[PDB]
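A.B. asks: Pasting a structure below so you can have a look.
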Amino acid sequence: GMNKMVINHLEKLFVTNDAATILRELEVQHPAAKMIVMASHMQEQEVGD
Amino acid sequence: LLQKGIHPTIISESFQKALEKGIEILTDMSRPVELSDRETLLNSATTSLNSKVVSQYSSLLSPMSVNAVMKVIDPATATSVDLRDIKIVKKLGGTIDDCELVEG
Amino acid sequence: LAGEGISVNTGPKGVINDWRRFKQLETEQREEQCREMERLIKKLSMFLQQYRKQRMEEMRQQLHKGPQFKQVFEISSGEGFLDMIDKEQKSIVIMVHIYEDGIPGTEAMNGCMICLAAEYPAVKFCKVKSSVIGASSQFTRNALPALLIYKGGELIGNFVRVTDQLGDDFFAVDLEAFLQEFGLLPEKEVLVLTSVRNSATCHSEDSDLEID
Amino acid sequence: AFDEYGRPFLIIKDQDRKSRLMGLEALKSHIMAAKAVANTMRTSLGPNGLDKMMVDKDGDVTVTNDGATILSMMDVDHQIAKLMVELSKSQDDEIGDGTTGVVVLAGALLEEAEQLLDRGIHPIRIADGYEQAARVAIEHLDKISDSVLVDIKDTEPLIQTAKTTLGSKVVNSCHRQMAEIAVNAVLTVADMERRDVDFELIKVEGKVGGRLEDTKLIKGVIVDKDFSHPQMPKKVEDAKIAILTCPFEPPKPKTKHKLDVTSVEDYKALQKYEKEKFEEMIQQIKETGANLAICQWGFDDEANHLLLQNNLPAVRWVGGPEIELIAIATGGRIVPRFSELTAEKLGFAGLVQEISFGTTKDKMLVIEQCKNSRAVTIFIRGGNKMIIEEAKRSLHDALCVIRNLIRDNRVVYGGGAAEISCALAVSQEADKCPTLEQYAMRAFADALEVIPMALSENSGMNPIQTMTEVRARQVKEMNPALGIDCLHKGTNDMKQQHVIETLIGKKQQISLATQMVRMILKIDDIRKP
Amino acid sequence: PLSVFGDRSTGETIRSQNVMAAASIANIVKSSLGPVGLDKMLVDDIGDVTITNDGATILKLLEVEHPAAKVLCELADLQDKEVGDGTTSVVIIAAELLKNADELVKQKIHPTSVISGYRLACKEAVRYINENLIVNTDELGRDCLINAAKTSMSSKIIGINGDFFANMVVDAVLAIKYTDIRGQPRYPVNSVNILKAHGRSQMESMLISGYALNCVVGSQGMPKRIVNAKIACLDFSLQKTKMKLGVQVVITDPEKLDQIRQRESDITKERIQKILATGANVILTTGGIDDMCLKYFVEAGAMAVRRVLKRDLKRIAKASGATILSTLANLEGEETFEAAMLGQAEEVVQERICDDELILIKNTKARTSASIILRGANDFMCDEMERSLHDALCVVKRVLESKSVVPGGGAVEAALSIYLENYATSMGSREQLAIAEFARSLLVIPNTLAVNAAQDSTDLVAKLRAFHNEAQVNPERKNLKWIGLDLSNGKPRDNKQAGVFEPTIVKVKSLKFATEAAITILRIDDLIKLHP
Amino acid sequence: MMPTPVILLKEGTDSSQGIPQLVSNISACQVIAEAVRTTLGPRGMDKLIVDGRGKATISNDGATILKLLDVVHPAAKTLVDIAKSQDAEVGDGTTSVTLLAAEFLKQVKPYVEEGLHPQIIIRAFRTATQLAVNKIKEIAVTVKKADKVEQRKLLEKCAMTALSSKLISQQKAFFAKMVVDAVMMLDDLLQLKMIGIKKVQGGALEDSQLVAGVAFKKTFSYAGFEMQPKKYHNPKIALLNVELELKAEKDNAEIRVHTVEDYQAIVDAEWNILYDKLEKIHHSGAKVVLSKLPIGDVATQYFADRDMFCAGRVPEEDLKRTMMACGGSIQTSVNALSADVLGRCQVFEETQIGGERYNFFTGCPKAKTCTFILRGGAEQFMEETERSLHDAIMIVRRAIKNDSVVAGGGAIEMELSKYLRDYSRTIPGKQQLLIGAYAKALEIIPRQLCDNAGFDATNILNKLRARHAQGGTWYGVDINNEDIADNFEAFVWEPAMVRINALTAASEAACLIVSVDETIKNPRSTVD
Ligand SMILES: Nc1ncnc2c1ncn2[C@@H]1O[C@H](COP(=O)(O)OP(=O)(O)O)[C@@H](O)[C@H]1O
Ligand SMILES: Nc1ncnc2c1ncn2[C@@H]1O[C@H](COP(=O)(O)OP(=O)(O)O)[C@@H](O)[C@H]1O
Ligand SMILES: Nc1ncnc2c1ncn2[C@@H]1O[C@H](COP(=O)(O)OP(=O)(O)O)[C@@H](O)[C@H]1O
Ligand SMILES: [Mg+2]
Ligand SMILES: [Mg+2]
Ligand SMILES: [Mg+2]
């Protein structure tokens with residue numbers, strides 16, 4: 001996997017290949033994608049990978 | 001010179017004196033040349049073209065220029081060359097290696 | 001206070017850069033503004049007759065062309081207006097429309113211009129916003145519909161308040177007749193539709209010969 | 001650039017509004033700006049130099065010749081001009097004199113470095129050559145220096161040095177008087193064992209009116225305040241001063257304190273207590289035999305009238321530094337409260353007087369005729385405040401020069417003689433070095449020769465001819481004291497003309513100019529927003 | 001100090017800017033190289049759509065500001081004009097040459113030395129190509145032309161249908177063959193009229209053994225088919241004879257006005273009768289024909305075509321043997337029209353092509369002509385077919401004129417790179433670096449071809465270089481000079497036996513043009529942009 | 001692209017993906033390196049940066065220049081971060097890390113353009129960096145003699161090499177000697193806070209001095225201070241954290257009395273409290289009193305009457321340095337001022353330095369501190385002198401930790417390039433190209449040295465390569481002689497850890513930059 005440079009709204013730079021971190025730092029607006037992101041976050045909290 | 005307190009008229013006369021002396025020196029260093037010597041003309045043309053973008057093409061352009069000048073004047077009894085007699089035609093396409101010396 | 005005779009001398013020649021920096025922008029500014037002085041201010045301050053042929057004129061004006069019908073060109077900025085207006089030649093006739101959204105009369109004559117451009121290829125119909133043109137706000141109230149016509153840098157059409165002279169439901173026939181009876185619209189020509197296209201280019205003259 | 005793929009290309013925040021100068025063009029711009037500053041300064045060099053008349057942001061006008069002051073008040077925006085200002089200020093703080101010579105020398109050095117760079121020499125090599133030539137010049141200055149006596153028994157060399165320092169200023173009308181008062185002020189307050197001269201013990205202050213010739217040195221303290229009660233005498237002789245830092249008011253605890261009055265007896269006791277405290281403090285002051293009382297925090301009407309009634313002149317609201325100076329001069333201790341006041345803590349002064357200043361209603365107190373006053377004050381009079389400020393800074397320059405003489409007693413003869421000799425030594429040394437640094441050393445010598453040229457230009461003489469003649473005479477007859485006869489006295493021997501400059505000043509000038517020129521030559525990029 | 005009203009860039013800054021502009025122009029079209037290249041498509045401000053693969057067309061359509069980028073765009077235009085193929089490879093090579101030359105310059109190598117090295121490298125590359133990498137087409141036959149056309153049409157909209165389009169192209173080119181003085185056969189391409197019309201699929205494109213006009217008969221009265229056509233070509237209008245500007249009619253006796261008015265059209269009537277009396281059947285004119293003359297032609301059962309394009313009329317007259325007539329005036333001062341100036345054809349029809357009609361002049365005598373009607377799905381597709389067809393025609397013309405071809409798929413580039421890398425060590429001291437960089441930059445073509453196919457570019461180019469190095473070092477295995485790139489499978493392949501050819505003139509001209517453009521850009525080391 | 005009535009990401013989000021993104025990242029890194037290229041080597045040049053407020057910073061250190069550059073490119077900030085890392089861990093080499101990282105990226109750019117997989121490049125970089133670090137550790141020259149004079153000379157040479165690129169390079173021997181002397185009298189932690197650095201405007205560079213003790217500026221003397229003696233020959237220093245002046249006993253303290261006798265008693269009690277504190281100080285035998293808290297005018301006059309020196313509001317750092325020099329203990333209470341907690345120095349004296357008064361504590365025989373008093377003609381001059389001395393101090397500390405040095409001037413990197421190329425010649429060939437690119441990129445530093453000096457870098461590099469190929473490990477660049485020379489014999493020494501950290505950080509930065517494939521930039525909230 002390839003690392004992704006993500007700049008959030010506060011100009012804090014994240015470079016990582018962790019899906020949960022990328023989704024967290026992405027300003028997702030489509031609510032269906034929001035639901036999928038929430039499922040991914042729940043997976044991160046429950047297991048960690 | 002001016003910062004040292006020299007009036008800008010002594011400077012002019014001194015420069016005139018230096019110019020006259022330098023002209024004399026340059027004339028002393030000179031060497032006579034005759035138009036029948038093609039080698040010196042070719043060398044002068046090549047030296048002129050050395051500093052331009054066509055320097056790589058000098059082996060073609062220098063004889064071209066020498067021939068162009070010698071074909072529009074009389075080698076004997078000629079004190080000037082009228083460059084209006086050498087018409088230059090610019091045609092796009094090809095390379096500089098395709099330059100020609102059409103005599104018509 | 002004495003020394004009125006100043007003779008600023010070296011000053012202006014040592015400050016040419018910045019003064020010319022202002023001067024070029026000012027030149028653009030009043031060139032653009034004077035390109036619309038000649039319209040602004042003074043305009044706003046100032047049974048064959050039953051048209052039997054009008055219906056059939058609309059009938060064969062419906063058949064615009066084959067490949068769609070395009071649209072009317074829109075000017076983005078005043079600089080764009082200037083750099084599209086100073087180009088081309090005198091033979092090109094340009095009609096320009098100032099408009100705003102929602103106000104009456106714009107849609108009808110916009111469609112009229114669309115179909116006219118469809119059946120008058122030579123002309124260069126185009127439309128520009130009132131905000132884009134930067135005209136006086138007096139125009140922005142009471143001078144929006146203005147069938148403005150240009151021809152190679154000089155005015156040839158002087159038409160504003162076209163709603164009064166045409167109405168609100170006026171169709172292509174009405175505006176076309178109104179423009180042609182002022183001697184503005186060029187004479188139409190019989191134009192046919194080829195297959196699609198023939199002329200790719202004509203640059204090389206190596207065509208044919210039969211030398212022995 | 002915006003990338004070869006057409007995508008946005010942003011690197012530095014707000015890079016569109018920023019500017020950058022790269023390489024040798026930036027160095028040329030710096031050299032030209034520094035040359036402009038130095039050529040502005042060079043007109044105010046020497047006895048014939050002309051003053052610059054500076055106006056601040058509020059319209060206040062300052063007519064001055066001090067280079068450091070001129071550059072400090074100059075509103076510059078270029079960074080190299082700020083570097084010149086800082087260089088002049090540094091020369092001022094370290095020495096106090098020669099703040100104009102450093103700027104001219106740096107400008108000449110950068111001007112020569114410009115034509116050295118034009119011929120293809122790396123600026124680091126120019127800086128190295130300048131450093132070598134500066135070392136040679138400093139060693140030559142040490143070689144050709146001369147020593148003077150710095151004893152109080154004979155002050156002629158000190159007076160001559162102070163006169164040389166003050167020659168370029170406007171106070172040259174009172175030249176010898178100003179030199180003498182500066183020398184006496186420095187020598188009266190100084191630690192003779194080559195230690196420091198505490199400038200905080202020299203109170204320099206001036207008052208408008210009178211004449212510039214009326215400036216005098218007081219071997220005591222002059223105070224702006226006057227006697228509190230208008231009916232006390234204006235003259236006190238053989239005063240036994242009692243310096244106090246406690247206001248003549250009933251005592252008050254610093255801690256938050258409430259005093260509760262619960263009955264008529266308590267009120268009567270409080271009133272009697274206040275009255276007795278006033279009387280007790282006055283009697284305590286009187287018991288020491290003091291003639292004059294000096295307070296720092298003022299006092300109220302009861303204390304004032306008791307002081308008047310007991311023939312005790314007094315002054316209130318004397319400043320803290322003023323209290324310190326009075327205590328030092330009069331040889332008396334500072335007493336924090338009356339209960340600790342004894343006769344042994346009293347100061348002495350032969351005369352305490354109140355001074356009038358014409359039709360101005362302003363009064364000033366002078367304390368003088370002390371026994372062995374270690375603190376002095378300089379009272380400057382003038383026709384306007386501008387010449388008063390100029391006299392203040394000129395006297396400060398003289399005091400700094402005499403302080404430098406206290407620190408080191410080696411002098412060299414000014415008027416361009418030292419610079420010409422240093423240039424000759426540098427040129428002689430450059431003839432033996434490998435030719436690569438020879439150009440830099442010769443350029444340094446040429447830059448050193450700008451001071452005599454500027455002196456001759458300001459004095460109206462032809463620069464190049466006079467400088468060449470003086471240099472030829474210096475080479476012919478080995479007299480390194482021959483300089484530029486700026487005053488047209490008819491001779492060139494500055495040793496005979498008594499034009500004397502401290503060696504430390506010249507060494508600091510050369511060193512500071514060399515380091516600043518090196519730093520400027522080492523800068524190649526600028527990134528102003 | 002300068003006090004020039006403008007902006008100035010000097011030194012490495014302007015060189016980097018020029019390299020950036022050239023690299024941007026290269027990267028614009030770098031994705032459209034080789035059979036795995038994909039077409040681009042451009043939308044103008046008005047809304048016009050142009051789907052294209054030709055680099056020259058793409059660079060012409062784009063609006064460009066930077067002068068060096070304009071230089072590369074004009075270089076592509078020149079390559080298109082003087083060759084007709086390789087307009088993308090020349091741009092890519094020029095940009096890579098500029099990039100590598102600037103990389104050398106950044107290492108404190110003087111630009112003059114780099115320019116001299118590039119000049120020598122170009123000369124030696126041309127010499128090596130002409131001496132080793134050319135294949136004569138005499139022994140290959142028509143298959144050489146077919147393979148060259150197929151290679152040219154690869155990466156185009158007509159790539160897969162090459163098996164048929166190459167046959168059509170070769171037939172069209174051979175149809176317009178003519179020999180001139182000095183006995184040199186000549187192939188005047190652009191004399192093949194390319195007609196587009198949406199409709200049926202690509203395979204329904206027709207090659208006309210004659211000529212095709214995008215014109216129709218002026219009136220519905222005339223027949224739309226004539227068997228034994230007698231074509232008469234005229235360069236003047238057939239209208240009522242209005243007198244010239246210098247002639248004015250003034251009537252003082254009213255009895256002559258009617259005679260004047262009658263003669264005003266009787267003149268044209270007599271001219272048309274003279275034209276028709278010789279037996280002419282088809283009449284083509286560049287000028288207009290009004291209703292009276294159209295009726296005159298209708299009554300005689302002939303064809304009249306008006307507003308015929310001048311080039312089309314010239315081609316028709318030359319093919320059919322007819323002569324263009326500005327006036328019907330002979331050397332005796334009267335009006336005549338002899339039969340010796342009538343053209344002939346075996347049939348003239350007005351075919352219907354997708355709800356539209358065009359005139360077909362089939363099987364002209366005394367000379368064989370050709371025309372191509374392209375049928376596509378829509379206008380954009382037909383335009384792309386026309387561009388690709390023109391490229392193929394130019395390639396076939398170059399192959400037939402100069403009988404030397406070179407293997408494709410980057411074989412020439414790899415061979416040149418290896419040879420120049422070996423040869424650089426024998427020339428100069430600092431020119432060798434320039435020659436080596438020239439050789440390296442020549443490798444951009446196979447790298448781009450491999451990249452566009454999503455193949456391992458590094459391994460493929462390494463294998464190609466190893467093959468060519470072994471060919472050049474082993475005198476008994478010279479047959480490996482033809483090893484190119486097989487993009488379908490991503491493996492090296494003998495392109496000479498695989499029928500992947502292209503004219504040598506393409507490579508030579510592209511190399512010379514790219515070298516001269518890189519030299520021109522490299523000379524700049526300072527920019528003064530005067531403010532408008 | 002389609003409108004997609006409900007968009008997925010926030011409006012204005014900017015994204016870049018693929019090879020062009022990585023190429024743009026490499027170009028940005030090259031641009032960043034170009035800003036500090038010229039500040040490398042003895043012939044380096046200073047850079048001037050002006051902030052928004054207008055303050056100008058003149059510097060040669062790469063980390064300072066990069067920090068002053070407000071870089072916002074996400075890939076370019078990696079170079080700034082690794083420069084900061086090199087400054088923090090080592091202190092020298094902030095330019096070298098950026099140059100090496102940018103050169104690595106530039107060398108692998110052509111391979112990235114032809115679609116090479118980034119993971120292969122990353123693996124090649126890791127292997128090459130590990131091999132280079134091992135080679136540096138193997139060939140680093142160390143002496144197992146533990147000689148005092150030899151290690152002093154080694155530290156001096158390392159400091160001279162670390163200083164011969166700044167504006168103090170003319171007096172590099174003098175400054176290096178002072179730096180070594182200062183470091184050698186630190187006990188075990190080598191804390192930077194234990195080496196004071198004071199900058200005084202005005203004076204030549206050679207006038208800068210190192211104080212074998214502590215020295216600090218005069219701090220707002222009150223009235224009566226000028227009557228105190230300013231020189232002592234065996235003073236006892238009382239280090240205090242105490243406010244010696246009349247004030248409220250406590251913030252919340254309140255006094256309630258109903259008798260004038262109690263009022264007078266309270267006033268006398270306050271005065272007696274202060275006087276008892278002063279008597280306790282006096283009876284301790286101390287002659288110099290130093291307090292962190294303000295000292296009032298009453299206490300100043302009291303000490304003047306007893307012929308003592310007092311200085312209130314002394315900063316924490318200066319008080320700690322004085323404690324470590326004289327050898328006392330800061331007392332928050334004066335109730336037990338035994339002789340154990342009293343500092344002692346040979347000579348105390350107040351002198352004038354460049355128009356300012358500085359208190360001097362000298363003659364401390366067991367001092368563990370220093371105080372650099374730097375003189376210069378400008379504030380930025382002194383700031384850059386402090387920066388250069390800081391670099392030298394860090395270098396000397398690292399050399400004190402271990403005496404492992406390699407010859408500078410590019411010799412070490414030329415040897416590393418030769419070794420890496422030789423290693424790459426014996427591997428399959430996909431990694432061979434990348435390792436050869438790494439070795440070629442290792443040549444940037446000598447080339448940059450020659451370019452800054454004005455040489456012809458090509459000839460010098462050719463001669464260095466020929467010399468290293470035939471043997472000779474420590475041949476670098478002779479700047480003065482326009483040629484090459486054995487830099488180890490020329491005493492161009494640097495600690496091996498400097499180059500080890502430089503290589504490690506540059507490799508990590510290059511791998512991090514190459515690993516990134518997509519850049520996403522969310523719109524910034526609160527545009528204001
Ligand atoms: N009487 C004099 N004769 C000749 N030169 C003098 C005389 N007095 C002063 N100078 C010269 O004038 C120069 C300028 O001195 P001054 O203006 O007082 O301070 P600064 O050196 O800061 O300009 C000194 O270098 C000194 O050598
Ligand atoms: N079938 C094929 N197999 C391998 N290579 C080919 C094939 N067809 C064309 N090529 C190569 O692809 C390259 C790109 O040609 P192309 O881009 O279509 O021409 P242009 O540069 O005029 O657009 C040519 O140099 C040619 O050698
Ligand atoms: N006398 C010298 N001769 C040759 N090279 C030197 C000399 N002194 C230092 N260097 C080189 O300068 C480089 C360090 O430059 P400098 O700017 O001081 O620190 P940085 O490593 O941060 O660039 C080292 O790589 C060293 O090899
Ligand atoms: Mg002076
Ligand atoms: Mg092609
Ligand atoms: Mg360093």
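All residue names refer to the structure tokens as shown: chains lettered A, B, ... in order, residues numbered from 1 in each chain, ligands numbered from 1 in order.
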Tell me the residues of chain E close to chain F, meaning within 8 Å using only C-alpha atoms, as a list in words.

C.D. replies: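 So the residues of chain E near chain F are residues 107, 108, 447, 448, 451, 456, 457 and 458 of chain E.
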
A.B. asks: Convert the current residue selection to file output with N, CA and C atoms, as a tab-separated table (two decimals), in the first residue's frame.

C.D. replies:
chain	number	residue	atom	x	y	z
E	107	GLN	N	25.75	21.16	-14.44
E	107	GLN	CA	27.01	20.63	-13.92
E	107	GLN	C	28.21	21.45	-14.36
E	108	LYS	N	28.00	22.72	-14.71
E	108	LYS	CA	29.05	23.64	-15.13
E	108	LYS	C	29.72	23.20	-16.43
E	447	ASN	N	11.02	3.90	-24.03
E	447	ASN	CA	10.51	4.02	-22.67
E	447	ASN	C	9.05	4.45	-22.67
E	448	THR	N	8.71	5.45	-23.49
E	448	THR	CA	7.32	5.90	-23.56
E	448	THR	C	6.42	4.82	-24.13
E	451	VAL	N	5.85	2.32	-21.39
E	451	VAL	CA	5.04	2.87	-20.31
E	451	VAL	C	3.57	2.92	-20.72
E	456	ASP	N	6.63	-3.33	-17.95
E	456	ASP	CA	7.84	-2.99	-17.21
E	456	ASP	C	8.81	-2.32	-18.18
E	457	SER	N	8.84	-0.98	-18.15
E	457	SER	CA	9.67	-0.25	-19.09
E	457	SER	C	11.15	-0.53	-18.88
E	458	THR	N	11.58	-0.60	-17.62
E	458	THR	CA	13.00	-0.78	-17.32
E	458	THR	C	13.53	-2.09	-17.90

A.B. asks: What do you get as JSON, numbers by chain if you pick all residues at most 6 Å from ligand 1, counting only C-alpha atoms and all ligand atoms?

C.D. replies: {"D": [45, 46, 47, 97, 98, 99, 100, 101, 164, 165, 167, 168, 414, 415, 416, 484, 485, 486, 487, 499]}

A.B. asks: Please identify every polymer residue within 7 Å of ligand 5, using only C-alpha atoms and all ligand atoms, and present the set as an MDAnalysis selection string.

C.D. replies: chainID E and resid 85:86 152:153 391

A.B. asks: Can you tell me, as a PyMOL selection string, which residues in segment 114-228 of chain D count as helix (DSSP H, G or I) by DSSP?

C.D. replies: chain D and resi 114-118+123-144+156-166+170-188+199-201+212-214

A.B. asks: Residues near residue 42 of chain B, anyone? I mean within 8 Å using only C-alpha atoms, not counting same-chain ones fewer than 4 positions away, as a count of residues only.

C.D. replies: 5

A.B. asks: What residues have any atom no more than 7 Å from ligand 6 when counting only C-alpha atoms and all ligand atoms, and can you list them as a PDB file with N, CA and C atoms, in the first residue's frame?

C.D. replies:
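File produced: out.pdb:
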ATOM      1  N   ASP F  92      25.284  19.759  13.646  1.00  0.00           N
ATOM      2  CA  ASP F  92      25.945  20.150  12.411  1.00  0.00           C
ATOM      3  C   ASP F  92      25.532  19.195  11.303  1.00  0.00           C
ATOM      4  N   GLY F  93      25.523  19.703  10.076  1.00  0.00           N
ATOM      5  CA  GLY F  93      25.084  18.930   8.937  1.00  0.00           C
ATOM      6  C   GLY F  93      23.682  19.222   8.458  1.00  0.00           C
ATOM      7  N   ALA F 162      34.362  22.419  12.066  1.00  0.00           N
ATOM      8  CA  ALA F 162      32.959  22.804  12.157  1.00  0.00           C
ATOM      9  C   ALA F 162      32.759  24.310  12.069  1.00  0.00           C
ATOM     10  N   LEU F 163      33.794  25.101  12.349  1.00  0.00           N
ATOM     11  CA  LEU F 163      33.675  26.552  12.317  1.00  0.00           C
ATOM     12  C   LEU F 163      34.135  27.177  11.010  1.00  0.00           C
ATOM     13  N   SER F 165      33.158  27.569   8.160  1.00  0.00           N
ATOM     14  CA  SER F 165      32.172  27.909   7.146  1.00  0.00           C
ATOM     15  C   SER F 165      31.353  29.138   7.504  1.00  0.00           C
TER      16      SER F 165
END

A.B. asks: What are the residues of chain D lining chain F at 6 Å or less? Count only C-alpha atoms, and put the answer as a PyMOL selection string.

C.D. replies: chain D and resi 11-13+86-87+90-91+93-94+253-260+320-321+324+511-512+522-523+525-528

A.B. asks: Store the residues picked out above, limited to C-alpha atoms, as a short mmCIF file (atom, residue, chain, number, x, y, z; two decimals), in the first residue's frame.

C.D. replies:
data_model
loop_
_atom_site.label_atom_id
_atom_site.label_comp_id
_atom_site.auth_asym_id
_atom_site.auth_seq_id
_atom_site.Cartn_x
_atom_site.Cartn_y
_atom_site.Cartn_z
CA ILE D 11 5.88 25.73 -1.91
CA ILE D 12 6.42 28.88 0.16
CA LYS D 13 3.41 30.46 1.87
CA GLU D 86 24.18 49.38 13.77
CA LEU D 87 27.89 49.64 12.93
CA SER D 90 28.46 49.94 17.95
CA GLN D 91 31.42 52.24 17.38
CA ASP D 93 29.03 52.35 22.49
CA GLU D 94 32.50 50.82 22.41
CA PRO D 253 2.50 50.18 57.83
CA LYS D 254 2.86 48.62 54.40
CA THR D 255 0.66 45.70 55.43
CA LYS D 256 -3.10 46.22 55.16
CA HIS D 257 -3.87 47.83 58.52
CA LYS D 258 -7.05 49.00 60.24
CA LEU D 259 -6.91 51.25 63.31
CA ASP D 260 -10.18 51.23 65.24
CA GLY D 320 16.40 58.82 43.71
CA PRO D 321 19.46 59.21 41.48
CA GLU D 324 22.38 59.17 45.48
CA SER D 511 38.22 46.26 13.10
CA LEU D 512 34.50 47.09 13.06
CA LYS D 522 29.13 37.23 2.65
CA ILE D 523 25.41 37.91 1.99
CA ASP D 525 20.28 36.33 -1.00
CA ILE D 526 17.41 38.47 0.30
CA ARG D 527 13.82 37.32 0.81
CA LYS D 528 11.82 40.43 1.68
#

A.B. asks: Mind running segment 3-115 of chain F against segment 10-33 of chain A at 9 Å and telling me each contacting residue's nearest atom pair with the distance in Å (one decimal), counting only C-alpha atoms, chain and number ascending, as CSV?

C.D. replies:
residue,atom,partner,partner_atom,distance
F:6,CA,A:30,CA,6.4
F:7,CA,A:30,CA,6.2
F:8,CA,A:30,CA,4.8
F:9,CA,A:28,CA,4.7
F:10,CA,A:27,CA,5.6
F:11,CA,A:29,CA,8.8
F:13,CA,A:27,CA,8.6
F:72,CA,A:11,CA,8.9
F:74,CA,A:13,CA,7.0

A.B. asks: Find the residues in chain F near chain A: any atom within 6 Å counts, using only C-alpha atoms. Write them as a PyMOL selection string.

C.D. replies: chain F and resi 8-10+515-525

A.B. asks: So which residues touch segment 47-56 of chain B within 8 Å, counting only C-alpha atoms, skipping near sequence neighbours fewer than 2 positions away, as number ranges by chain?

C.D. replies: B: 43-45, 58-59, 62, 96; E: 116, 119, 520, 523

A.B. asks: Interatomic distance between atom CA of residue 477 of chain D and atom CA of residue 449 of chain D?

C.D. replies: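 If I compute the distance from atom CA of residue 477 of chain D to atom CA of residue 449 of chain D, I get 18.9 Å.
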
A.B. asks: With a cut-off of 7 Å and counting only C-alpha atoms, select all residues of chain D in contact with chain B and give the selection as a list in words.

C.D. replies: residues 462, 463 and 464 of chain D

A.B. asks: Selection from above, N, CA and C atoms, as a PDB file, in the first residue's frame, can you write it?

C.D. replies:
ATOM      1  N   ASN D 462      42.182  70.428  -3.053  1.00  0.00           N
ATOM      2  CA  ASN D 462      42.050  69.347  -4.019  1.00  0.00           C
ATOM      3  C   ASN D 462      42.431  68.027  -3.361  1.00  0.00           C
ATOM      4  N   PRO D 463      41.559  67.018  -3.390  1.00  0.00           N
ATOM      5  CA  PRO D 463      41.825  65.784  -2.639  1.00  0.00           C
ATOM      6  C   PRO D 463      43.046  65.016  -3.115  1.00  0.00           C
ATOM      7  N   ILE D 464      43.070  64.669  -4.402  1.00  0.00           N
ATOM      8  CA  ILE D 464      44.092  63.756  -4.901  1.00  0.00           C
ATOM      9  C   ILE D 464      45.478  64.381  -4.799  1.00  0.00           C
TER      10      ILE D 464
END

A.B. asks: If you measure from atom CA of residue 235 of chain E to atom CA of residue 196 of chain E, what distance in Å do you get, rounded to one decimal?

C.D. replies: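 Going from atom CA of residue 235 of chain E over to atom CA of residue 196 of chain E, I get 26.3 Å.
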
A.B. asks: Give the residues close to ligand 2, within 7 Å, counting only C-alpha atoms and all ligand atoms; write them as a list in words.

C.D. replies: residues 32, 33, 34, 35, 53, 54, 55, 85, 86, 87, 88, 89, 151, 152, 153, 154, 155, 408, 409, 410, 449, 484, 485, 486, 487 and 500 of chain E

A.B. asks: Applying 6 Å and only C-alpha atoms, which residues near segment 193-210 of chain C remain after dropping the ones on its own chain fewer than 4 positions away? List them as a list in words.

C.D. replies: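 Returned residues: residues 188, 191, 195, 197 and 356 of chain E.
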